[PDB]
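**Student:** For reference, this is data.csv, and it has CSV, C-alpha atoms and all ligand atoms.
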chain,number,residue,atom,x,y,z
F,1,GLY,CA,0.0,0.0,0.0
F,2,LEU,CA,1.4,3.3,-1.1
F,3,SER,CA,0.4,6.9,-0.3
F,4,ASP,CA,-0.3,9.3,-3.1
F,5,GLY,CA,2.9,11.1,-2.3
F,6,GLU,CA,4.7,7.8,-2.9
F,7,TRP,CA,2.8,7.1,-6.1
F,8,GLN,CA,3.7,10.5,-7.3
F,9,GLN,CA,7.4,9.6,-6.7
F,10,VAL,CA,6.9,6.3,-8.6
F,11,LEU,CA,5.4,8.0,-11.6
F,12,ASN,CA,8.0,10.7,-11.5
F,13,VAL,CA,10.7,8.1,-11.6
F,14,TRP,CA,8.9,6.3,-14.3
F,15,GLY,CA,9.1,9.4,-16.5
F,16,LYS,CA,12.8,8.7,-16.6
F,17,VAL,CA,12.2,5.2,-17.9
F,18,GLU,CA,9.6,6.4,-20.5
F,19,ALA,CA,12.2,8.8,-22.1
F,20,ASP,CA,14.1,5.7,-23.1
F,21,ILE,CA,12.0,2.6,-22.5
F,22,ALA,CA,14.1,0.3,-24.8
F,23,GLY,CA,17.4,1.3,-23.2
F,24,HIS,CA,16.0,0.8,-19.7
F,25,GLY,CA,14.3,-2.4,-20.7
F,26,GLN,CA,17.5,-3.7,-22.3
F,27,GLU,CA,19.7,-2.9,-19.2
F,28,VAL,CA,17.1,-4.4,-16.8
F,29,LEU,CA,17.1,-7.7,-18.6
F,30,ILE,CA,20.9,-7.7,-19.0
F,31,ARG,CA,21.3,-7.0,-15.2
F,32,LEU,CA,18.9,-10.0,-14.6
F,33,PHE,CA,20.6,-12.4,-16.9
F,34,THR,CA,24.2,-11.7,-15.9
F,35,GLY,CA,23.4,-11.4,-12.2
F,36,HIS,CA,21.3,-14.6,-12.2
F,37,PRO,CA,22.1,-16.8,-15.2
F,38,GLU,CA,19.6,-19.4,-14.2
F,39,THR,CA,16.9,-16.9,-15.3
F,40,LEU,CA,18.3,-17.0,-18.9
F,41,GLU,CA,17.3,-20.6,-19.1
F,42,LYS,CA,13.6,-19.7,-18.9
F,43,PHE,CA,13.8,-17.9,-22.2
F,44,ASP,CA,14.0,-20.3,-25.2
F,45,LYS,CA,14.6,-17.3,-27.5
F,46,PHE,CA,17.5,-15.8,-25.4
F,47,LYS,CA,19.2,-19.0,-24.1
F,48,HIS,CA,21.6,-18.8,-27.0
F,49,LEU,CA,23.2,-15.6,-25.6
F,50,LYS,CA,26.4,-16.6,-23.8
F,51,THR,CA,28.0,-13.2,-23.5
F,52,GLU,CA,26.8,-9.8,-22.4
F,53,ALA,CA,28.0,-8.4,-25.7
F,54,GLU,CA,25.7,-10.7,-27.6
F,55,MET,CA,23.0,-9.6,-25.1
F,56,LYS,CA,23.8,-5.9,-25.7
F,57,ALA,CA,23.8,-6.5,-29.4
F,58,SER,CA,20.5,-8.2,-29.4
F,59,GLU,CA,17.6,-6.2,-30.9
F,60,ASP,CA,15.1,-8.9,-29.9
F,61,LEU,CA,16.2,-8.5,-26.3
F,62,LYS,CA,15.7,-4.8,-26.5
F,63,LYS,CA,12.4,-5.5,-28.1
F,64,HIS,CA,11.4,-7.8,-25.2
F,65,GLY,CA,12.7,-5.2,-22.8
F,66,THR,CA,10.2,-2.8,-24.3
F,67,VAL,CA,7.4,-5.3,-23.9
F,68,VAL,CA,8.2,-6.0,-20.3
F,69,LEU,CA,8.6,-2.4,-19.2
F,70,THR,CA,5.5,-1.3,-21.2
F,71,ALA,CA,3.5,-3.9,-19.3
F,72,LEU,CA,5.1,-2.9,-15.9
F,73,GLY,CA,4.4,0.8,-16.7
F,74,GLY,CA,0.8,0.1,-17.5
F,75,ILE,CA,0.5,-1.7,-14.2
F,76,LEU,CA,2.3,1.1,-12.2
F,77,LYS,CA,0.1,3.8,-13.7
F,78,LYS,CA,-2.9,2.1,-12.1
F,79,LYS,CA,-1.5,3.0,-8.7
F,80,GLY,CA,-2.4,-0.3,-7.2
F,81,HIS,CA,-5.7,-0.8,-9.0
F,82,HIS,CA,-4.2,-3.4,-11.3
F,83,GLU,CA,-6.1,-6.6,-10.8
F,84,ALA,CA,-7.2,-6.9,-14.5
F,85,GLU,CA,-3.7,-6.0,-15.8
F,86,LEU,CA,-1.9,-8.3,-13.4
F,87,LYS,CA,-4.0,-11.5,-13.4
F,88,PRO,CA,-3.1,-12.6,-17.0
F,89,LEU,CA,0.6,-11.9,-16.3
F,90,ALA,CA,0.5,-13.9,-13.1
F,91,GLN,CA,-1.3,-16.7,-15.0
F,92,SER,CA,1.1,-16.8,-18.0
F,93,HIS,CA,4.1,-16.7,-15.8
F,94,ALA,CA,3.0,-19.4,-13.4
F,95,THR,CA,1.4,-21.8,-15.9
F,96,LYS,CA,3.2,-21.2,-19.2
F,97,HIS,CA,6.5,-19.7,-18.4
F,98,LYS,CA,6.9,-21.3,-15.0
F,99,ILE,CA,8.7,-18.4,-13.4
F,100,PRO,CA,9.2,-18.7,-9.6
F,101,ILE,CA,8.4,-15.7,-7.5
F,102,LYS,CA,12.1,-15.6,-6.6
F,103,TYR,CA,12.9,-14.4,-10.1
F,104,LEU,CA,10.5,-11.6,-9.7
F,105,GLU,CA,12.4,-10.5,-6.7
F,106,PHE,CA,15.6,-10.7,-8.8
F,107,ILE,CA,14.2,-8.4,-11.6
F,108,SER,CA,12.8,-6.0,-8.9
F,109,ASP,CA,16.2,-5.4,-7.5
F,110,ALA,CA,17.6,-5.2,-11.0
F,111,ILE,CA,15.3,-2.3,-11.8
F,112,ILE,CA,16.5,-0.5,-8.7
F,113,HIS,CA,20.1,-1.1,-9.8
F,114,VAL,CA,19.5,0.1,-13.3
F,115,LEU,CA,17.9,3.4,-12.2
F,116,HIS,CA,20.9,4.2,-10.0
F,117,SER,CA,23.3,3.3,-12.8
F,118,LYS,CA,21.6,5.4,-15.4
F,119,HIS,CA,20.6,8.2,-13.1
F,120,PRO,CA,23.4,8.5,-10.5
F,121,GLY,CA,22.6,11.2,-7.9
F,122,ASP,CA,19.2,11.6,-9.6
F,123,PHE,CA,17.4,8.7,-7.9
F,124,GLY,CA,17.0,9.9,-4.3
F,125,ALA,CA,16.3,8.0,-1.2
F,126,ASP,CA,12.6,8.9,-1.2
F,127,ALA,CA,12.3,7.8,-4.8
F,128,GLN,CA,14.0,4.5,-4.2
F,129,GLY,CA,11.7,3.9,-1.2
F,130,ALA,CA,8.6,4.5,-3.3
F,131,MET,CA,9.8,2.4,-6.3
F,132,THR,CA,10.8,-0.4,-4.0
F,133,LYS,CA,7.4,-0.4,-2.3
F,134,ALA,CA,5.6,-0.4,-5.7
F,135,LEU,CA,7.6,-3.4,-6.9
F,136,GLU,CA,6.9,-5.2,-3.6
F,137,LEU,CA,3.2,-4.6,-4.1
F,138,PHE,CA,3.4,-6.0,-7.7
F,139,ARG,CA,5.3,-9.0,-6.5
F,140,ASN,CA,3.0,-9.6,-3.5
F,141,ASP,CA,-0.1,-9.6,-5.7
F,142,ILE,CA,1.5,-12.0,-8.2
F,143,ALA,CA,2.5,-14.2,-5.2
F,144,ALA,CA,-1.2,-14.4,-4.2
F,145,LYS,CA,-2.1,-15.7,-7.6
F,146,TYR,CA,0.8,-18.1,-7.5
F,147,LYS,CA,-0.5,-19.5,-4.2
F,148,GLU,CA,-4.0,-19.9,-5.7
F,149,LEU,CA,-2.5,-21.9,-8.6
F,150,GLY,CA,-0.4,-24.0,-6.2
F,151,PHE,CA,2.7,-22.9,-8.1
F,152,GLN,CA,6.3,-23.0,-6.8
F,201,LIG,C1,8.4,-6.8,-14.0
F,201,LIG,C2,8.4,-8.1,-14.2
F,201,LIG,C3,7.8,-8.7,-15.5
F,201,LIG,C4,6.9,-8.2,-16.4
F,201,LIG,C5,6.2,-6.9,-16.4
F,201,LIG,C6,6.8,-9.2,-17.5
F,201,LIG,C7,6.0,-9.1,-18.6
F,201,LIG,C8,5.9,-10.0,-19.6
F,201,LIG,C9,5.0,-9.9,-20.8
F,201,LIG,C10,4.1,-8.7,-21.1
F,201,LIG,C11,5.3,-10.9,-21.6
F,201,LIG,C12,4.6,-11.3,-22.9
F,201,LIG,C13,3.2,-11.8,-22.7
F,201,LIG,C14,3.1,-13.0,-21.8
F,201,LIG,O1,3.6,-14.1,-22.2
F,201,LIG,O2,2.4,-12.9,-20.8
F,201,LIG,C15,6.3,-11.8,-20.9
F,201,LIG,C16,6.8,-12.9,-21.4
F,201,LIG,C17,7.7,-13.7,-20.8
F,201,LIG,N1,8.3,-13.5,-19.6
F,201,LIG,FE1,7.9,-12.0,-18.3
F,201,LIG,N2,7.6,-10.3,-17.2
F,201,LIG,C18,8.3,-10.0,-16.0
F,201,LIG,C19,9.2,-10.8,-15.4
F,201,LIG,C20,9.7,-12.0,-15.8
F,201,LIG,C21,10.8,-12.7,-15.3
F,201,LIG,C22,11.6,-12.3,-14.0
F,201,LIG,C23,11.1,-13.8,-16.1
F,201,LIG,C24,12.1,-14.9,-16.0
F,201,LIG,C25,13.2,-14.8,-15.2
F,201,LIG,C26,10.1,-13.7,-17.2
F,201,LIG,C27,10.0,-14.6,-18.2
F,201,LIG,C28,9.2,-14.5,-19.3
F,201,LIG,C29,9.3,-15.4,-20.4
F,201,LIG,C30,10.2,-16.7,-20.6
F,201,LIG,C31,8.3,-14.9,-21.4
F,201,LIG,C32,8.0,-15.5,-22.8
F,201,LIG,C33,9.1,-15.0,-23.7
F,201,LIG,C34,8.9,-15.5,-25.1
F,201,LIG,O3,9.2,-16.6,-25.5
F,201,LIG,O4,8.4,-14.6,-25.9
F,201,LIG,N3,9.3,-12.6,-17.0
F,201,LIG,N4,6.6,-11.2,-19.7
Go ahead and render the structure in this file as C-alpha cells.
**Tutor:**
Amino acid sequence: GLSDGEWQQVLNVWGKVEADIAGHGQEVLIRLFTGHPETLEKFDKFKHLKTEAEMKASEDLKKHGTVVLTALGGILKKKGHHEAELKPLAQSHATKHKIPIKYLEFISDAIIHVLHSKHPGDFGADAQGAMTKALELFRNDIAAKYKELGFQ
C-alpha cells in the first residue's frame, strides 16, 4: 500500500524510464541475466546468448525489454488498481513460463540497480523507497495468484 505522495514519486521516476524505454528495458534484462544466469534458461529465445556483448547487441532482447517495461508501466500507472492487468501476467508466468516468484524478486532489485546506474545522484532516497514499495506490491499480488494456482 502506497500513499499518493509515494505514487507521485513512482510515476516521477517512471518518467525517466519512458524517455528511453528500450534502453532501460535492455539494461534491466541484462542485469537480470548476468546477475542470475539461471533466469536466462527460462527464455527459449534468449538462451543462445552466452556473452553480455551478444545480449547488448540483441535487438530482440531490447524489443522484449520494451514489452516487459511497457507492461510494468501500465500496471504502475494504475497505482495499485491493477487486478485486471496483473492476473493474466500472473497466470502466464505461473502456468506457461513457470517463473518462480524468486525471479520476480531478482528483476525487482535489477530495476533499482539500473535506475541508480543510469541516473546516479538523480534517484534519491525517497524515490528509491517509493519504487521499491511499488515493486513489492506488484510481487506480492503476483504471489497471491501463484498460491491460488499452487505454483512453486
Ligand atoms: C516486472 C516483471 C515482468 C513483467 C512486467 C513481465 C511481462 C511480460 C510480458 C508482457 C510478456 C509477454 C506476454 C506474456 O507471455 O504474458 C512476458 C513474457 C515472458 N516472460 Fe515476463 N515479465 C516479468 C518478469 C519476468 C521474469 C523475472 C522472467 C524470468 C526470469 C520472465 C520470463 C518470461 C518469459 C520466458 C516470457 C515469454 C518469452 C517469449 O518466449 O516470448 N518474466 N513477460
**Student:** Please identify all polymer residues within 12 Å of stretch 117-125 of chain F, counting only C-alpha atoms, omitting same-chain residues fewer than 6 positions from it, and present them as a list in words.
**Tutor:**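 Result of the neighbour search: residues 6, 9, 10, 12, 13, 14, 15, 16, 17, 20, 23, 24, 25, 27, 28, 31, 110, 111, 131 and 132 of chain F.
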**Student:** Pick out the residues sitting within 9 Å of residue F:69, and hand them over as an MDAnalysis selection string; count only C-alpha atoms, and ignore anything fewer than 4 positions along from it in its own chain.
**Tutor:** chainID F and resid 17:18 21:22 24:25 64:65 73:74
**Student:** From the set F:11, F:127, F:29, F:143, which residue has the shortest atom-to-atom contact distance to residue F:46, counting only C-alpha atoms?
**Tutor:**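 Looking at the shortest contact to residue F:46, the residue is F:29.
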**Student:** Using all atoms listed in the file, which protein or nucleic acid residues are at most 9 Å from ligand LIG 201 (chain F), as a PyMOL selection string?
**Tutor:** chain F and resi 29+32-33+36+38-46+64-65+67-75+86+88-93+96-108+111+135+138-139
**Student:** Suppose you want the space between atom CA of residue F:63 and atom CA of residue F:26; what is it in Å?
**Tutor:**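 Atom CA of residue F:26 lies at a distance of 7.9 Å from atom CA of residue F:63.
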**Student:** If you measure from atom CA of residue F:134 to atom CA of residue F:66, what distance in Å do you get, rounded to one decimal?
**Tutor:** 19.3 Å
**Student:** For a test of reading the model, state the distance in Å between atom CA of residue F:128 and atom CA of residue F:112, rounded to one decimal.
**Tutor:** 7.2 Å
**Student:** Return the single residue from F:35, F:115, F:30, F:141 that is closest to residue F:58, with distances computed using only C-alpha atoms.
**Tutor:**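 Going through F:35, F:115, F:30, F:141 one by one, the smallest distance to residue F:58 is for F:30.
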**Student:** Would you mind completing stretch 116-127 of chain F to N, CA, C and O atoms and writing the output as a JSON list (two decimals), keeping the file's coordinate frame?
**Tutor:**
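rebuild_26.json, written as the output of this step:
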[["chain", "number", "residue", "atom", "x", "y", "z"],
["F", 116, "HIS", "N", 19.70, 3.52, -10.56],
["F", 116, "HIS", "CA", 20.90, 4.20, -10.00],
["F", 116, "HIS", "C", 21.99, 4.31, -10.99],
["F", 116, "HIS", "O", 22.69, 5.33, -11.03],
["F", 117, "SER", "N", 22.18, 3.28, -11.81],
["F", 117, "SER", "CA", 23.30, 3.30, -12.80],
["F", 117, "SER", "C", 23.09, 4.33, -13.86],
["F", 117, "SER", "O", 24.05, 4.99, -14.29],
["F", 118, "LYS", "N", 21.86, 4.48, -14.33],
["F", 118, "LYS", "CA", 21.60, 5.40, -15.40],
["F", 118, "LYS", "C", 21.28, 6.80, -14.94],
["F", 118, "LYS", "O", 21.39, 7.76, -15.70],
["F", 119, "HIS", "N", 20.92, 6.92, -13.67],
["F", 119, "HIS", "CA", 20.60, 8.20, -13.10],
["F", 119, "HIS", "C", 21.33, 8.48, -11.78],
["F", 119, "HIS", "O", 20.68, 8.80, -10.79],
["F", 120, "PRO", "N", 22.67, 8.35, -11.76],
["F", 120, "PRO", "CA", 23.40, 8.50, -10.50],
["F", 120, "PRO", "C", 23.19, 9.86, -9.87],
["F", 120, "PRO", "O", 23.38, 10.87, -10.54],
["F", 121, "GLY", "N", 22.81, 9.89, -8.59],
["F", 121, "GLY", "CA", 22.60, 11.20, -7.90],
["F", 121, "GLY", "C", 21.20, 11.75, -8.27],
["F", 121, "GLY", "O", 20.80, 12.75, -7.68],
["F", 122, "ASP", "N", 20.49, 11.13, -9.21],
["F", 122, "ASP", "CA", 19.20, 11.60, -9.60],
["F", 122, "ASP", "C", 18.06, 10.70, -9.20],
["F", 122, "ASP", "O", 16.91, 10.89, -9.59],
["F", 123, "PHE", "N", 18.40, 9.71, -8.39],
["F", 123, "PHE", "CA", 17.40, 8.70, -7.90],
["F", 123, "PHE", "C", 17.53, 8.74, -6.38],
["F", 123, "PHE", "O", 18.24, 7.93, -5.79],
["F", 124, "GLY", "N", 16.83, 9.67, -5.76],
["F", 124, "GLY", "CA", 17.00, 9.90, -4.30],
["F", 124, "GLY", "C", 16.46, 8.84, -3.44],
["F", 124, "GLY", "O", 15.79, 7.90, -3.89],
["F", 125, "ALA", "N", 16.76, 8.98, -2.15],
["F", 125, "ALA", "CA", 16.30, 8.00, -1.20],
["F", 125, "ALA", "C", 14.83, 7.83, -1.16],
["F", 125, "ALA", "O", 14.34, 6.72, -1.07],
["F", 126, "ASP", "N", 14.10, 8.94, -1.26],
["F", 126, "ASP", "CA", 12.60, 8.90, -1.20],
["F", 126, "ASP", "C", 12.08, 8.19, -2.42],
["F", 126, "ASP", "O", 11.10, 7.43, -2.35],
["F", 127, "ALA", "N", 12.71, 8.46, -3.56],
["F", 127, "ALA", "CA", 12.30, 7.80, -4.80],
["F", 127, "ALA", "C", 12.58, 6.34, -4.80],
["F", 127, "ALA", "O", 11.80, 5.55, -5.31]]
